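**Q** A single structure is presented below for examination.
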Amino acid sequence: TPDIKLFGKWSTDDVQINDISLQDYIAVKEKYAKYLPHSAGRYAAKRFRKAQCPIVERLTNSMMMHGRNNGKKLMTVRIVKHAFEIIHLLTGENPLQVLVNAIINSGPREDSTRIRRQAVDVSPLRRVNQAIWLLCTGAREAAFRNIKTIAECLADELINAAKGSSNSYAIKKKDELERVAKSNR
Amino acid sequence: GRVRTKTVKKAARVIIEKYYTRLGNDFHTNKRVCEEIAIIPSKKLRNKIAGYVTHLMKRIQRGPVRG
Amino acid sequence: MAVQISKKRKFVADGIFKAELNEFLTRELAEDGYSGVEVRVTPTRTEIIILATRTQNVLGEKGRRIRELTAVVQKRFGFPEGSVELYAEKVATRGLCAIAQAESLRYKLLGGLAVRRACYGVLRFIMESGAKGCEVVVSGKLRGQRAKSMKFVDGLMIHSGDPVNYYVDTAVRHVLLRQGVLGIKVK
Amino acid sequence: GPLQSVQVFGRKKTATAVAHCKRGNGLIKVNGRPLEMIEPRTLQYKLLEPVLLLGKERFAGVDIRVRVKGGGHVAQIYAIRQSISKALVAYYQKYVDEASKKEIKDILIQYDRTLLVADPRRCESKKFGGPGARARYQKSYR
Amino acid sequence: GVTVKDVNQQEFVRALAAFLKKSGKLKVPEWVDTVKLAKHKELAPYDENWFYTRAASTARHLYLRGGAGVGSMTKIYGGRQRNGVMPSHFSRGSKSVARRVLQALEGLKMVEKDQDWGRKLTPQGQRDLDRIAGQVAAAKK
Amino acid sequence: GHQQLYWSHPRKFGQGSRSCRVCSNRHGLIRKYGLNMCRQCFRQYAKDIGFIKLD
Amino acid sequence: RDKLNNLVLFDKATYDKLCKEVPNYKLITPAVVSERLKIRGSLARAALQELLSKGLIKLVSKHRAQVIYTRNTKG
Amino acid sequence: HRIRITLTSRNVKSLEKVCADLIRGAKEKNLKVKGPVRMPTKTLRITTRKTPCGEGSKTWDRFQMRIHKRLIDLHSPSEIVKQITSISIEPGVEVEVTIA
RNA sequence: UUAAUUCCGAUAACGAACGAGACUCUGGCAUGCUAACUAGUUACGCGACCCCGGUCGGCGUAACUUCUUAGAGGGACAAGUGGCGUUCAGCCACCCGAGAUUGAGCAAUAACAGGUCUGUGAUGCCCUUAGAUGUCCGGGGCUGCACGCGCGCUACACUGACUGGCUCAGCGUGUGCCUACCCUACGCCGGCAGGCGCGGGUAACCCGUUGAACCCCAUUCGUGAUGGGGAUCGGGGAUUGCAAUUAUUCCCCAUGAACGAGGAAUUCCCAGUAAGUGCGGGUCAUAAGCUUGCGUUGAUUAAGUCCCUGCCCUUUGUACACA
Ligand SMILES: [Zn+2]
């Protein structure tokens, strides 16, 4: 039916975004309501074309790195599909709301750089991209020489990011970079 | 960098100064007029000349042209 | 062909045949005013036309050298008797022809003539005939040990582009003295 | 009634497909098989995206025969997805009235362009002096 | 009715292998236990009755695309020829095991030899393929 | 005599069998389409055969 | 340095724990089950097939590599 | 009666002019003729070196070569077809007459 | 202002060309034209099967160019709207539209004490000139090894290791000129290697309708220098050429190390891009860790600048002078 669209088993509704800053860049609502996040490409033409790509497709594409994982999109979509099942059985609430809260919590605002060190703020799109890269890097670093799988590690990182007790890799690096930027200012 | 060239600029002003009567603001009108009066070897050069002729017609409709 | 060889190799063999047929007549008829040959293939008759400047020099004595060249084509490549025929035609507008002026200048500079005056005379002759532009590059040594690349360029001359390959006419000649070998690039 | 034959090709890449429309009962087939044994099962809903938006009423009279050649697998999926969509648009365009065709087209315009219009994305040729098209070899110094 | 193209081919080969195990007259030798499938493969197959799976696959391939010899059978049995430190290539399958599969299926009364090579499937065997397709449809329904 | 040692090594393979027909060098020989011609003279008389650099 | 003594077969206390606590926990995933019970992956999968033959687990999404099972339902 | 004349050429417009002249001659001589069946062309890429010695940067040539194929199907006696093929020959187009 | 001495403009300058622009080949689409029994499509009828209808790359012949192939042309131009800028050259966002940047070739003047005599019966000088620096046969060497680097290939695993099932490409190539050397189809012998006679093709016919790799699905394993790695080594069995050991090449079994994600330093590139992973051509009696094209899946970041390494002009003292 065209009235409701179930992403696997999850509708578009029951998604509340608190931050008005990240809601303008995240464009998964009201336009990109899909069943599967698979696509061909061309989301990097304009300067701000990259924000029009949905965050589920970004989470799909950002996993495949380091040579051997290239060409495993059909692998990682099924991995994220199992990861929703791992998140929902332990949390109970909406995994989309958990992921939105994780993106709200894991935002590194200020960061120093060598130009003395100039501690300045970054873009909200840069915060979203940094959060996605840090969570994918933490999942890839955790799932190495271990029986625990990609979906289980990604689910544990998203649950720790939603909890916010300095356990997740993205939350830990966000607090560390804000500590360094608070120090050298 | 879509700059109209000197081979377009030497031709288009002479074409408008000669056949100023048989012109129009529309692109498809004077695109076929330039095919009649001039001998242009290629379609890309023909379209560049016709676009610069329409731009000169817009300059005429706005005001006086110095050149 | 009776054994019916492949058409992919047939055009390669025909290109080698045309290359050898051009190169042998270029090496042989060079002292008698050679420009080129033209061939239109007909069944059982190989009609070749040597488009030559001096038609009197290529015959020798009532077409004796032509009858020798027919025997050359018959013996070397292999053809039946009467399968090939030659026709001589005079080269028109030889002033703009770059190879015809080059073969005229080469023997004069080999025997003896002024260096600058011959080049200016040929340039004045082709500009009177109606050549658009000319380029004469003479390399090699000139009355010494160190080489010296000469240049005589005037008029309109385009270099790049796609239709320039049939616009201009390029000639490369190599004169062989007893001391050294020099090269002339006529354009 | 008469044989309403509509043959529309779908081309996005090397994988091509030809959709043939007909009147009668509703049975969509791709060389004589439905869309239920597709490997992988992850992209089961991707070919049902034009099915679920229109509904079961629109596919009652429409039955489509698809022949497929070339390409890969997911390229064949996008090829048949574009081909049956353009054949369905041509079927509602040519025979029945234009108002229902516009009502169906207003759904397909808002959702995706890939259903209607293909993009010129092909493989660029490999250049000499590198492992790929853009990348070069490592320069040897000293 | 149903057809074998409407039947999913993942469970169809297992159901036909179960039917050939119910038959059990398809000339199984004793060197199947010690043989390796091809030179690009590394070790022996895991399951012990791996002749009947190849027989079921040969039956459905001769049903769908008839007129095939040794090369069309060695083309489907292929993989990465991992030689070692050298870069890998593609290697064809073995010839004799596919020839013994063809001899066993020719000894069984389900095929018939065709001119210019090949083993086409007889109208008696087409009825059996339709009945086992109905059996798989009744099993899944 | 020397004619016994002349025809002793067979010339039935590789560059011992075939060579260039212009420079007679064992370098840059194309066996494809029956050329048997070195690459320098091929680039020289490449236009007279029919090859041309378009793209 | 470090070597985790993973068990090969069942024991009495591990069998009593698998009979008692496994229907009480919510998520049953084989890596976490092997990590808690200190057992090999083959025995961890075989215990899941034993629970599937017994009939006290619920199948959510089965696969060759990564299985997902739960306990008995509440509502 | 079934004649399959194959026309091979490197040039495009000369081959088109020859086959169009044959079709327009068949219309004047009032015989049954099919249209020009356009067979696909063939390509030959040659990659060689520029420098005779092995010094400097590695160059790579791109020599291209093309060849085409057309055919004209006929249903006519051979005495009419020989009179057509005797007239207006050129060294560009090569004719292969086959009667089967 | 742009990739551009590409244009407005200032005017002791006006008027031209070279390079670029411009021009050629290829791609994105034109259900409007012509054509196809060595490309097909839709149906008619026959045969097989299931229970009035469906299936068939099983067969014979009626319409057609909707797929393929390719002669001819078109459109795409900043044309339309809104902003910046002398309101000039022009620039940016947006609607509609197969595309609001496909790639390559040709590439001005001037020069190197840059390379090539070891490509050349292109060539000057010197030497050799018979016991020859020429020509021919049997071997050796070109591979060699305390050491330092250059170009490449595969692993250090759980994202993985093993076994089957399932499902797709386009470049190509090929019956002889001396000359033997070509693609292989099919039924068999054998675990593989390899062998026996046999039909098709001078090619949109034959290989072939290229069931290629990754992929997805279903079994076995579980943190162990490990089932990953096959570096190292032994025995046997075959093809190639007259002739292989220092292993030409292929097949079977056994041997199971270094390697726990890498220090200083450094190379390439910015959308079907890197990357994973294959297949043709050349080298080919035997011949891919080389090179070039053809395919499949498919990301992160960026729409700025001279801080760092180069190159190109400028003002000017002129220890920079056939420079
Ligand atoms: Zn040479």
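We label chains A, B, ... in the order they appear in the structure tokens, count residues from 1 in each chain, and number ligands from 1 in the order shown.
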Write down, as an mmCIF file with C-alpha atoms, in the first residue's frame, each residue of chain F that has any atom within 6 Å of an atom of chain I, counting only C-alpha atoms (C1' of nucleotides).
**A**
```cif
data_model
loop_
_atom_site.group_PDB
_atom_site.id
_atom_site.type_symbol
_atom_site.label_atom_id
_atom_site.label_comp_id
_atom_site.auth_asym_id
_atom_site.auth_seq_id
_atom_site.Cartn_x
_atom_site.Cartn_y
_atom_site.Cartn_z
ATOM 1 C CA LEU F 5 78.052 -28.284 -40.270
ATOM 2 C CA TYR F 6 76.053 -25.668 -42.191
ATOM 3 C CA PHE F 13 61.105 -22.729 -34.122
ATOM 4 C CA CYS F 23 66.464 -4.955 -41.237
ATOM 5 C CA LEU F 54 42.714 8.769 -35.188
ATOM 6 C CA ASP F 55 42.085 8.186 -31.473
#
```
**Q** Name all residues at most 10 Å from residue 116 of chain A (count only C-alpha atoms (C1' of nucleotides); drop same-chain ones fewer than 3 positions away) and give them as a CSV table (one decimal) with N, CA and C atoms, in the first residue's frame.
**A**
```
chain,number,residue,atom,x,y,z
A,112,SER,N,40.4,21.6,17.5
A,112,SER,CA,41.6,22.4,17.2
A,112,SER,C,42.3,21.9,16.0
A,113,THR,N,43.1,22.8,15.4
A,113,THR,CA,43.9,22.5,14.2
A,113,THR,C,45.1,23.4,14.2
A,119,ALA,N,41.1,26.6,17.8
A,119,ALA,CA,40.0,25.7,18.2
A,119,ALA,C,38.7,26.4,17.7
A,184,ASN,N,43.2,23.2,24.8
A,184,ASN,CA,44.0,24.1,24.1
A,184,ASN,C,43.3,25.3,23.5
A,185,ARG,N,42.5,26.0,24.4
A,185,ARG,CA,41.8,27.2,23.9
A,185,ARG,C,41.9,28.3,25.0
```
**Q** Enumerate as a short mmCIF file (atom, residue, chain, number, x, y, z; two decimals) with C-alpha atoms, in the first residue's frame all residues of chain B assigned to alpha helix (DSSP H) by DSSP on the backbone, naming them with the chain letters and numbers the document uses.
**A**
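Done, and the output landed in result27.cif:
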```
data_model
loop_
_atom_site.label_atom_id
_atom_site.label_comp_id
_atom_site.auth_asym_id
_atom_site.auth_seq_id
_atom_site.Cartn_x
_atom_site.Cartn_y
_atom_site.Cartn_z
CA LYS B 6 36.29 36.13 -31.98
CA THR B 7 35.14 34.07 -34.97
CA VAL B 8 31.63 34.34 -33.52
CA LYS B 9 31.95 38.04 -32.67
CA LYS B 10 33.26 39.08 -36.10
CA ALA B 11 30.44 37.19 -37.82
CA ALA B 12 27.38 37.91 -35.68
CA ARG B 13 27.57 41.72 -35.69
CA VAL B 14 27.95 41.75 -39.48
CA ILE B 15 25.01 39.32 -39.82
CA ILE B 16 22.75 41.48 -37.62
CA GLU B 17 23.90 44.72 -39.29
CA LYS B 18 23.11 43.30 -42.74
CA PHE B 27 16.23 30.77 -30.98
CA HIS B 28 14.66 28.48 -33.59
CA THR B 29 13.75 31.44 -35.82
CA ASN B 30 17.21 32.88 -36.40
CA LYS B 31 18.89 29.45 -36.12
CA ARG B 32 17.30 28.65 -39.49
CA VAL B 33 17.99 32.17 -40.82
CA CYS B 34 21.73 31.76 -40.20
CA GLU B 35 21.56 28.44 -42.09
CA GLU B 36 20.22 30.36 -45.09
CA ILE B 37 22.45 33.42 -45.09
CA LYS B 43 26.42 22.28 -35.49
CA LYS B 44 28.30 23.33 -32.33
CA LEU B 45 29.66 26.47 -34.01
CA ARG B 46 26.20 27.13 -35.49
CA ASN B 47 24.58 26.89 -32.05
CA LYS B 48 27.24 29.09 -30.43
CA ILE B 49 26.78 31.75 -33.14
CA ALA B 50 22.98 31.56 -32.85
CA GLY B 51 23.13 31.84 -29.06
CA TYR B 52 25.38 34.88 -29.31
CA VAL B 53 22.96 36.39 -31.86
CA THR B 54 20.07 35.88 -29.42
CA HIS B 55 22.22 37.41 -26.66
CA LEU B 56 22.89 40.44 -28.87
CA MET B 57 19.14 40.66 -29.55
CA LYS B 58 18.56 40.69 -25.78
CA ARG B 59 21.17 43.47 -25.54
CA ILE B 60 19.29 45.41 -28.24
CA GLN B 61 15.95 44.94 -26.45
CA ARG B 62 17.54 46.13 -23.20
#
```
**Q** Residues at most 9 Å from segment 146-157 of chain C, counting only C-alpha atoms (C1' of nucleotides), excluding those fewer than 5 positions away in the same chain, as number ranges by chain?
**A** C: 119-120, 123, 132-141, 168; I: 17-18
**Q** Could you list, as a list in words, all protein and nucleic acid residues with an atom at most 10 Å from ligand 1, counting only C-alpha atoms (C1' of nucleotides) and all ligand atoms?
**A** residues 20, 21, 22, 23, 24, 25, 27, 28, 29, 37, 38, 39, 40, 41, 42, 43 and 44 of chain F; 52 of chain H; 119 and 120 of chain I
**Q** Save the residues we just selected, C-alpha atoms (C1' of nucleotides), as a PDB file, in the first residue's frame?
**A**
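After the write, out_2.pdb holds the following:
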```pdb
ATOM      1  CA  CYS F  20      62.479  -9.278 -40.148  1.00  0.00           C
ATOM      2  CA  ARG F  21      62.244  -8.775 -43.909  1.00  0.00           C
ATOM      3  CA  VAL F  22      63.737  -5.256 -43.868  1.00  0.00           C
ATOM      4  CA  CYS F  23      66.464  -4.955 -41.237  1.00  0.00           C
ATOM      5  CA  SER F  24      66.836  -8.716 -40.483  1.00  0.00           C
ATOM      6  CA  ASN F  25      66.906  -8.214 -36.726  1.00  0.00           C
ATOM      7  CA  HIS F  27      63.902  -7.622 -32.102  1.00  0.00           C
ATOM      8  CA  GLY F  28      60.310  -6.413 -32.215  1.00  0.00           C
ATOM      9  CA  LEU F  29      58.800  -9.124 -34.435  1.00  0.00           C
ATOM     10  CA  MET F  37      58.446  -6.846 -39.418  1.00  0.00           C
ATOM     11  CA  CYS F  38      60.259  -4.704 -36.868  1.00  0.00           C
ATOM     12  CA  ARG F  39      58.400  -1.978 -34.995  1.00  0.00           C
ATOM     13  CA  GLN F  40      60.609   0.896 -36.205  1.00  0.00           C
ATOM     14  CA  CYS F  41      59.985   0.179 -39.892  1.00  0.00           C
ATOM     15  CA  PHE F  42      56.351  -0.568 -38.998  1.00  0.00           C
ATOM     16  CA  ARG F  43      55.999   2.928 -37.505  1.00  0.00           C
ATOM     17  CA  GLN F  44      57.844   4.296 -40.552  1.00  0.00           C
TER      18      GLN F  44
ATOM     19  CA  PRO H  52      63.802   2.924 -31.029  1.00  0.00           C
TER      20      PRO H  52
ATOM     21  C1'   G I 119      67.046  -1.638 -35.417  1.00  0.00           C
ATOM     22  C1'   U I 120      68.696  -0.223 -40.319  1.00  0.00           C
TER      23        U I 120
END
```
**Q** Can you pull out every residue within 10 Å of residue 132 of chain A, counting only C-alpha atoms (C1' of nucleotides), but drop anything in the same chain fewer than 5 positions away, and send it as a ChimeraX atom specification?
**A** /A:55,58-59,62-63,103,106,126-127,137-138,170
**Q** Can I get the selected residues back with C-alpha atoms, as a CSV table (one decimal), in the first residue's frame?
**A**
```csv
chain,number,residue,atom,x,y,z
A,55,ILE,CA,21.6,7.7,6.6
A,58,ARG,CA,25.4,5.9,4.4
A,59,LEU,CA,25.6,3.2,7.1
A,62,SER,CA,30.6,3.2,5.0
A,63,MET,CA,31.2,-0.3,6.2
A,103,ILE,CA,23.5,10.8,16.2
A,106,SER,CA,27.7,11.8,19.2
A,126,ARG,CA,30.8,17.3,9.2
A,127,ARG,CA,29.6,16.1,12.7
A,137,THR,CA,35.9,2.5,12.6
A,138,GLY,CA,35.0,1.4,16.1
A,170,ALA,CA,32.3,7.4,18.9
```
**Q** Using only C-alpha atoms (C1' of nucleotides), which chain I residues lie at most 12 Å away from chain C, written as a ChimeraX atom specification?
**A** /I:16-25,105-108,111,113,122-125,173-177,182,201-203,322
**Q** Excluding same-chain residues fewer than 4 positions from residue 19 of chain D, what lies within 12 Å of it counting only C-alpha atoms (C1' of nucleotides), as a ChimeraX atom specification?
**A** /D:5-11,28-31,62-68,79-91 /I:41,66-67
**Q** Give me a file of those residues, with C-alpha atoms (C1' of nucleotides), as a PDB file, in the first residue's frame.
**A**
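File again-v3.pdb, as written:
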```pdb
ATOM      1  CA  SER D   5       1.024  -6.045 -28.023  1.00  0.00           C
ATOM      2  CA  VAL D   6       3.321  -3.454 -26.407  1.00  0.00           C
ATOM      3  CA  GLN D   7       7.052  -4.209 -26.636  1.00  0.00           C
ATOM      4  CA  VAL D   8       9.225  -1.832 -24.592  1.00  0.00           C
ATOM      5  CA  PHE D   9      12.959  -2.222 -23.962  1.00  0.00           C
ATOM      6  CA  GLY D  10      14.662  -1.290 -20.707  1.00  0.00           C
ATOM      7  CA  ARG D  11      18.298  -0.191 -20.870  1.00  0.00           C
ATOM      8  CA  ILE D  28       3.680 -11.430 -14.514  1.00  0.00           C
ATOM      9  CA  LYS D  29       6.509 -13.643 -15.748  1.00  0.00           C
ATOM     10  CA  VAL D  30      10.189 -13.194 -16.607  1.00  0.00           C
ATOM     11  CA  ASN D  31      10.945 -15.893 -19.233  1.00  0.00           C
ATOM     12  CA  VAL D  62      -1.797  -6.559 -17.139  1.00  0.00           C
ATOM     13  CA  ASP D  63       0.416  -9.575 -17.769  1.00  0.00           C
ATOM     14  CA  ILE D  64       4.008  -9.006 -18.881  1.00  0.00           C
ATOM     15  CA  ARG D  65       6.468 -11.378 -20.597  1.00  0.00           C
ATOM     16  CA  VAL D  66      10.121 -10.405 -20.060  1.00  0.00           C
ATOM     17  CA  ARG D  67      13.214 -11.601 -21.929  1.00  0.00           C
ATOM     18  CA  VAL D  68      16.600 -10.766 -20.392  1.00  0.00           C
ATOM     19  CA  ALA D  79      16.775  -3.495 -16.170  1.00  0.00           C
ATOM     20  CA  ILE D  80      13.540  -5.435 -15.676  1.00  0.00           C
ATOM     21  CA  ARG D  81      12.385  -2.830 -13.119  1.00  0.00           C
ATOM     22  CA  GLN D  82      12.783  -0.062 -15.697  1.00  0.00           C
ATOM     23  CA  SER D  83      11.401  -2.170 -18.563  1.00  0.00           C
ATOM     24  CA  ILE D  84       8.124  -3.265 -16.955  1.00  0.00           C
ATOM     25  CA  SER D  85       7.596   0.292 -15.668  1.00  0.00           C
ATOM     26  CA  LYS D  86       8.044   1.896 -19.096  1.00  0.00           C
ATOM     27  CA  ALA D  87       5.927  -0.848 -20.691  1.00  0.00           C
ATOM     28  CA  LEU D  88       3.186  -0.227 -18.120  1.00  0.00           C
ATOM     29  CA  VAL D  89       3.343   3.521 -18.828  1.00  0.00           C
ATOM     30  CA  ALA D  90       3.094   2.824 -22.577  1.00  0.00           C
ATOM     31  CA  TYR D  91       0.198   0.401 -21.962  1.00  0.00           C
TER      32      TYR D  91
ATOM     33  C1'   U I  41      10.053 -10.317 -32.738  1.00  0.00           C
ATOM     34  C1'   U I  66       9.482  -3.427 -30.870  1.00  0.00           C
ATOM     35  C1'   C I  67      15.711  -6.042 -29.536  1.00  0.00           C
TER      36        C I  67
END
```
**Q** How close does chain C get to chain F? List, as CSV, each residue of chain C within 9 Å, its nearest atom pair and the distance in Å to one decimal, counting only C-alpha atoms.
**A**
```
residue,atom,partner,partner_atom,distance
C:8,CA,F:33,CA,7.5
C:9,CA,F:33,CA,5.6
C:11,CA,F:49,CA,8.9
C:12,CA,F:33,CA,7.0
C:13,CA,F:34,CA,8.1
C:14,CA,F:49,CA,8.3
C:15,CA,F:49,CA,4.6
C:16,CA,F:49,CA,6.5
C:17,CA,F:49,CA,8.9
C:18,CA,F:49,CA,7.4
C:19,CA,F:48,CA,5.9
C:22,CA,F:48,CA,8.6
```
**Q** Write to file, as a compact mmCIF listing (two decimals), in the first residue's frame, the residues of the selection just made, with C-alpha atoms.
**A**
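Just written: again_22.txt:
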```txt
# COMPACT_ATOMS: atom_id res chain seq x y z
CA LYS C 8 41.81 -10.43 -42.24
CA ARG C 9 45.19 -11.54 -43.60
CA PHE C 11 44.26 -6.89 -46.60
CA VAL C 12 47.52 -7.18 -44.63
CA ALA C 13 49.18 -9.04 -47.52
CA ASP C 14 47.77 -6.48 -49.96
CA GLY C 15 49.13 -3.63 -47.84
CA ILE C 16 52.58 -5.24 -47.81
CA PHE C 17 52.25 -5.69 -51.60
CA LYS C 18 51.36 -2.01 -52.13
CA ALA C 19 54.13 -0.89 -49.74
CA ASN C 22 55.63 1.83 -53.85
```
